[PDB]
Amino acid sequence: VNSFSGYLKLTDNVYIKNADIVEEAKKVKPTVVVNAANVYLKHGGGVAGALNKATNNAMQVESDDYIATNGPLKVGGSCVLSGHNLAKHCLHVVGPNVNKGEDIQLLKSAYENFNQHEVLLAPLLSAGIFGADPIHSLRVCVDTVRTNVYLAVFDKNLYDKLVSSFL
Ligand SMILES: CC1(C)CC[C@H](CO)N(c2ncnc3[nH]ccc23)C1
């Protein structure tokens, strides 16, 4: 039993809700919140920009030190950093950005990072400003993640379309 509330159950391990991931994280304070990161951990917009703003830019400061030490992530890769005031940990995961020409096949590799954590709060990878089809992203999530994932979908219209079209 966990403190996630109001989710629709899609499968044995995947749950979905129309919610702002920032507000969800502040309420639940989960062990792991997933960020829709880029390889440089530049948290300028979308989910990443919103999460960073909620940390008063502490996420960006930590991220800049991480990159200075380690260099950029791989597309499809991830790193674990602090969750600041939002969660214990933040799993920064890089899904392919279709608006940069990146291979959508890497979306499965991106979701595989979730399997290293027993429970996560997460957005749909590569959705929003990353330019991928969110229905497809949900399909890959369900077919790849085996741990317990609680998906927050910000757009209410998009949430209803994902539920109604789910197979
Ligand atoms: C374009 C979106 C409405 C759809 C998919 C992603 C990840 O779920 N989106 C978010 N989902 C949940 N919380 C969020 N906060 C800021 C953006 C955001 C944007």
# chains A, B, ... in the order shown; residues from 1 in each chain; ligands from 1
>>> residues_near_ligand(ligand="ligand 1", cutoff="8 Å", atoms="only C-alpha atoms and all ligand atoms", output="count of residues only")
27
>>> select_by_dssp(residues="segment 9-139 of chain A", states="helix (DSSP H, G or I)", output="PyMOL selection string")
chain A and resi 21-28+46-54+58-70+98-100+106-116+128-130+134-139
>>> write_last_selection(atoms="C-alpha atoms", output="compact mmCIF listing (two decimals), in the first residue's frame")
# COMPACT_ATOMS: atom_id res chain seq x y z
CA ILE A 21 3.46 16.18 -11.56
CA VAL A 22 4.84 19.12 -9.56
CA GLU A 23 1.75 19.28 -7.34
CA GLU A 24 1.60 15.48 -7.16
CA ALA A 25 5.22 15.26 -6.00
CA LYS A 26 4.76 17.93 -3.33
CA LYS A 27 1.72 16.07 -1.96
CA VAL A 28 3.03 12.50 -2.05
CA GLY A 46 8.25 21.32 -20.08
CA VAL A 47 8.27 18.94 -17.15
CA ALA A 48 11.95 19.65 -16.43
CA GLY A 49 11.49 23.41 -16.35
CA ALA A 50 8.48 23.07 -14.05
CA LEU A 51 10.15 20.64 -11.63
CA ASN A 52 13.26 22.80 -11.43
CA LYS A 53 11.22 25.95 -10.72
CA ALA A 54 9.53 24.16 -7.81
CA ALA A 58 18.39 23.91 -6.71
CA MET A 59 17.82 21.08 -9.21
CA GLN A 60 19.65 23.09 -11.90
CA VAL A 61 22.56 23.95 -9.58
CA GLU A 62 23.00 20.28 -8.66
CA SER A 63 22.64 19.25 -12.30
CA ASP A 64 25.31 21.69 -13.50
CA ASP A 65 27.78 20.19 -11.03
CA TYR A 66 26.83 16.68 -12.21
CA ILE A 67 27.50 17.59 -15.86
CA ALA A 68 30.76 19.38 -15.04
CA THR A 69 31.99 16.16 -13.40
CA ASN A 70 30.48 13.47 -15.64
CA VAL A 98 11.63 13.99 -32.03
CA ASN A 99 12.07 17.73 -32.60
CA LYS A 100 15.84 17.04 -32.61
CA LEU A 106 15.38 4.76 -27.89
CA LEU A 107 12.13 5.35 -25.99
CA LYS A 108 12.12 1.72 -24.83
CA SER A 109 15.69 2.07 -23.53
CA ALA A 110 14.62 5.23 -21.67
CA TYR A 111 11.74 3.44 -19.94
CA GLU A 112 14.02 0.52 -18.98
CA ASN A 113 15.65 2.87 -16.45
CA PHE A 114 12.40 2.78 -14.46
CA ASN A 115 12.92 -0.93 -13.71
CA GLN A 116 15.76 -0.06 -11.31
CA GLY A 128 4.95 17.24 -24.68
CA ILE A 129 7.77 19.37 -26.05
CA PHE A 130 9.83 16.26 -26.89
CA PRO A 134 1.82 10.24 -26.11
CA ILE A 135 -0.37 7.23 -26.94
CA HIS A 136 2.74 5.49 -28.26
CA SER A 137 4.73 6.55 -25.20
CA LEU A 138 2.07 5.01 -22.95
CA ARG A 139 2.18 1.77 -24.95
>>> select_by_dssp(residues="chain A", states="strand (DSSP E)", output="PyMOL selection string")
chain A and resi 8-9+14-18+32-36+78-82+89-93+119-122+148-153
>>> write_last_selection(atoms="N, CA and C atoms", output="mmCIF file, in the first residue's frame")
data_model
loop_
_atom_site.group_PDB
_atom_site.id
_atom_site.type_symbol
_atom_site.label_atom_id
_atom_site.label_comp_id
_atom_site.auth_asym_id
_atom_site.auth_seq_id
_atom_site.Cartn_x
_atom_site.Cartn_y
_atom_site.Cartn_z
ATOM 1 N N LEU A 8 -6.234 5.835 -11.965
ATOM 2 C CA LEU A 8 -6.883 4.761 -12.702
ATOM 3 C C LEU A 8 -5.841 3.671 -12.938
ATOM 4 N N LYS A 9 -6.227 2.422 -12.709
ATOM 5 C CA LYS A 9 -5.332 1.290 -12.890
ATOM 6 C C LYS A 9 -5.407 0.858 -14.346
ATOM 7 N N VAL A 14 0.875 -0.409 -13.809
ATOM 8 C CA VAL A 14 0.841 0.943 -14.355
ATOM 9 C C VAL A 14 -0.482 1.603 -13.985
ATOM 10 N N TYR A 15 -0.381 2.826 -13.459
ATOM 11 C CA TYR A 15 -1.495 3.644 -12.999
ATOM 12 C C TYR A 15 -1.373 5.030 -13.619
ATOM 13 N N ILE A 16 -2.506 5.688 -13.889
ATOM 14 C CA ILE A 16 -2.499 6.933 -14.656
ATOM 15 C C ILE A 16 -3.515 7.914 -14.082
ATOM 16 N N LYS A 17 -3.177 9.206 -14.144
ATOM 17 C CA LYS A 17 -3.998 10.257 -13.552
ATOM 18 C C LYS A 17 -3.784 11.561 -14.308
ATOM 19 N N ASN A 18 -4.853 12.357 -14.419
ATOM 20 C CA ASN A 18 -4.742 13.735 -14.889
ATOM 21 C C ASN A 18 -4.267 14.581 -13.715
ATOM 22 N N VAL A 32 10.809 8.336 -5.554
ATOM 23 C CA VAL A 32 11.403 8.685 -6.841
ATOM 24 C C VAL A 32 10.386 9.459 -7.668
ATOM 25 N N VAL A 33 10.767 10.661 -8.102
ATOM 26 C CA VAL A 33 10.077 11.364 -9.175
ATOM 27 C C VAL A 33 10.970 11.326 -10.408
ATOM 28 N N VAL A 34 10.370 11.043 -11.561
ATOM 29 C CA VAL A 34 11.090 11.034 -12.828
ATOM 30 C C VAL A 34 11.005 12.406 -13.478
ATOM 31 N N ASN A 35 12.158 12.915 -13.923
ATOM 32 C CA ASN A 35 12.226 14.110 -14.749
ATOM 33 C C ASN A 35 12.404 13.726 -16.208
ATOM 34 N N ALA A 36 11.688 14.449 -17.075
ATOM 35 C CA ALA A 36 11.861 14.416 -18.527
ATOM 36 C C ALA A 36 13.066 15.284 -18.885
ATOM 37 N N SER A 78 20.029 7.739 -18.020
ATOM 38 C CA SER A 78 19.483 8.358 -16.820
ATOM 39 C C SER A 78 20.580 8.573 -15.789
ATOM 40 N N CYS A 79 20.260 9.401 -14.796
ATOM 41 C CA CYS A 79 21.056 9.478 -13.580
ATOM 42 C C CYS A 79 20.124 9.756 -12.409
ATOM 43 N N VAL A 80 20.543 9.326 -11.219
ATOM 44 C CA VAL A 80 19.819 9.576 -9.979
ATOM 45 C C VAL A 80 20.458 10.760 -9.271
ATOM 46 N N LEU A 81 19.662 11.791 -9.003
ATOM 47 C CA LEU A 81 20.097 12.945 -8.236
ATOM 48 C C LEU A 81 19.093 13.181 -7.114
ATOM 49 N N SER A 82 19.296 14.257 -6.361
ATOM 50 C CA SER A 82 18.383 14.557 -5.271
ATOM 51 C C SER A 82 16.988 14.902 -5.791
ATOM 52 N N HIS A 89 14.456 11.163 -4.243
ATOM 53 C CA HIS A 89 15.352 11.142 -5.384
ATOM 54 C C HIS A 89 14.618 11.624 -6.620
ATOM 55 N N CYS A 90 15.377 12.201 -7.546
ATOM 56 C CA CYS A 90 14.900 12.451 -8.898
ATOM 57 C C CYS A 90 15.687 11.588 -9.875
ATOM 58 N N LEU A 91 14.967 10.750 -10.621
ATOM 59 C CA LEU A 91 15.549 9.984 -11.718
ATOM 60 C C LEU A 91 15.394 10.810 -12.992
ATOM 61 N N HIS A 92 16.500 11.392 -13.459
ATOM 62 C CA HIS A 92 16.507 12.171 -14.692
ATOM 63 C C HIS A 92 16.658 11.196 -15.848
ATOM 64 N N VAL A 93 15.641 11.093 -16.703
ATOM 65 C CA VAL A 93 15.627 10.131 -17.802
ATOM 66 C C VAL A 93 15.525 10.895 -19.111
ATOM 67 N N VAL A 119 9.078 1.751 -7.137
ATOM 68 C CA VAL A 119 7.905 2.607 -7.296
ATOM 69 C C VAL A 119 8.370 3.977 -7.777
ATOM 70 N N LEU A 120 7.668 4.540 -8.767
ATOM 71 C CA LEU A 120 8.022 5.852 -9.304
ATOM 72 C C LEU A 120 6.784 6.664 -9.640
ATOM 73 N N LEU A 121 6.895 7.979 -9.470
ATOM 74 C CA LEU A 121 5.989 8.953 -10.072
ATOM 75 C C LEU A 121 6.664 9.484 -11.329
ATOM 76 N N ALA A 122 5.925 9.581 -12.435
ATOM 77 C CA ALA A 122 6.588 9.856 -13.703
ATOM 78 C C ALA A 122 5.649 10.536 -14.690
ATOM 79 N N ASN A 148 6.363 -0.520 -10.298
ATOM 80 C CA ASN A 148 5.085 0.169 -10.115
ATOM 81 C C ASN A 148 5.237 1.635 -10.497
ATOM 82 N N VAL A 149 4.550 2.049 -11.556
ATOM 83 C CA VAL A 149 4.692 3.397 -12.083
ATOM 84 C C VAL A 149 3.350 4.114 -12.032
ATOM 85 N N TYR A 150 3.389 5.323 -11.468
ATOM 86 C CA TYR A 150 2.252 6.220 -11.333
ATOM 87 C C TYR A 150 2.485 7.384 -12.284
ATOM 88 N N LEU A 151 1.713 7.415 -13.365
ATOM 89 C CA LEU A 151 1.874 8.397 -14.426
ATOM 90 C C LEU A 151 0.963 9.591 -14.181
ATOM 91 N N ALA A 152 1.553 10.785 -14.222
ATOM 92 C CA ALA A 152 0.828 12.044 -14.164
ATOM 93 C C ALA A 152 0.786 12.647 -15.561
ATOM 94 N N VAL A 153 -0.422 12.906 -16.053
ATOM 95 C CA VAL A 153 -0.651 13.538 -17.346
ATOM 96 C C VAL A 153 -1.266 14.906 -17.086
#
>>> closest_residue(among="A:5, A:144, A:55, A:38", to="residue 76 of chain A", atoms="only C-alpha atoms")
A:38
